[PDB]
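Next up: a single chain in structure tokens, the form deposited without its partner chain.
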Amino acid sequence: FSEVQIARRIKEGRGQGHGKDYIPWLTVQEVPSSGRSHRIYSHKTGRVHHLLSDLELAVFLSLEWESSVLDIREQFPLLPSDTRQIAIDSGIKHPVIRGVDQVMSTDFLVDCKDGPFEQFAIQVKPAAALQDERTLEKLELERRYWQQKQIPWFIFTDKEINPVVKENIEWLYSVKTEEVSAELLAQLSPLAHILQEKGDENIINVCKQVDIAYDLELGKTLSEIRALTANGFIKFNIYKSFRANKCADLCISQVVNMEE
């Protein structure tokens, strides 16, 4: 993936800062195989995050939903000196590509406000991947790294995905719209007001009502919300089908094109 030039990526700030200032070590451009990547906005961090698979997306959405989560720093880099030492102490070949030892990274490093632990890490991997010896070795390197720092670490796989969350993702990500036009975002403020007053009403009813009110073709507003939701500008109760969500279950943001 990366040559000795990694030194420059380190200078770019990759892996430093937090909130809107945090820069992932890996970005969507570093996505392998058919594995689809995602750039979703976060209300908590105020920035767009890079997820490298649908599984990671599912985890991110769960994190963004949690009230106790304060920050989500995805693709977090593990200090090379620490990982080389661990590789040595364990007798495991530190990740190498063409002789250059690679910089390892945990999928998510998250901070909390009142959970059991103020900070914890997560590695996302499909259950099947654990049947490969090399993956296990790499996972041990990662496990030890966090253990060394007394930060709880966990592995999240597909069988940890709530079925409802799963179907919600299947509805939101059959790629409908990705065009984040200033005009699409313009709909955030108006939509926020409507949803706020029609709070206790089912999201689908309110959607039809708006279509009628403004004389839009049936489904227009649902399509808009579906797009703003899939992009992270709108958050909802992922543990409940979107269609069963009340308007009060949705949360809209103040995001403007100043996302550079």
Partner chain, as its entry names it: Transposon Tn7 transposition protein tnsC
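Positions refer to the first chain, counted from 1. For clarity, a rigid core is taken as the largest C-alpha set superposing within 1.5 Å between two forms. Only residues modelled in both forms are compared.
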**Q.** 111 to 119 versus 175 to 183 - greater average Cα B-factor per the deposited record
**A.** 175 to 183
Q: Would you tell me which stretch averages the higher CA B-factor in the PDB entry, 164 to 172 or 137 to 145?
A: 164 to 172
Q: Return the residue from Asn231, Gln29, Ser62, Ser42 that has the highest Cα B-factor in the entry.
A: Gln29
Q.
Where does the C-alpha B-factor of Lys11 rank in its chain, lowest, middle or highest third?
A. highest
Q.
Lowest, middle or highest third: which one holds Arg84 when the chain's residues are ordered by CA B-factor from the entry?
A. middle
Q | Ranked C-alpha temperature factor of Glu66 among modelled chain residues, by third | A | middle
**Q.** CA B-factor placement of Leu191, once the chain's modelled residues are sorted into thirds
**A.** middle
Q: State the tercile, meaning the lowest, middle or highest third, of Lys125 with respect to the CA B-factors recorded for its chain.
A: lowest
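The form solved in complex with its partner chain is left out here; the points below concern that form.
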Q) All three of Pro116, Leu130 and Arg144 touching its partner chain in the deposited bound form at 4.5 Å, heavy atom to heavy atom? A) yes
Q: Among 73 to 81, 86 to 94, 185 to 193, 172 to 180, mark the stretch whose residues have heavy atoms within 4.5 Å of its partner chain in the deposited bound form.
A: 86 to 94
Q | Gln102 within 4.5 Å of its partner chain in the deposited bound form, heavy atoms | A | no
(Q) With a cut-off of 4.5 Å between heavy atoms, is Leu52 one of the residues that contacts its partner chain in the deposited bound form? (A) no
Q. Is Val164 close enough to touch its partner chain in the deposited bound form, meaning at least one heavy atom pair within 4.5 Å?
A. no
Q | is_contact(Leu222, its partner chain) in the deposited bound form, heavy atom dist at most 4.5 Å | A | no
Q. Any idea which of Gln147, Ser90, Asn162, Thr177 has its C-alpha shifted 2 Å or more between the shown form and the other one with the rigid core fixed?
A. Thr177
Q) Knowing the Cα distance between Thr177 and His50 changes 3 Å or more in the deposited bound form, does it shrink or grow relative to here? A) closer
**Q.** Cα-Cα shift for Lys176 and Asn202, closer or farther in the deposited bound form, minimum 3 Å
**A.** farther
Q: Give me the stretches of at least three consecutive residues whose Cα atoms move by 2 Å or more between the shown form and the other one once the core is superposed.
A: 1 to 5, 175 to 178, 258 to 260
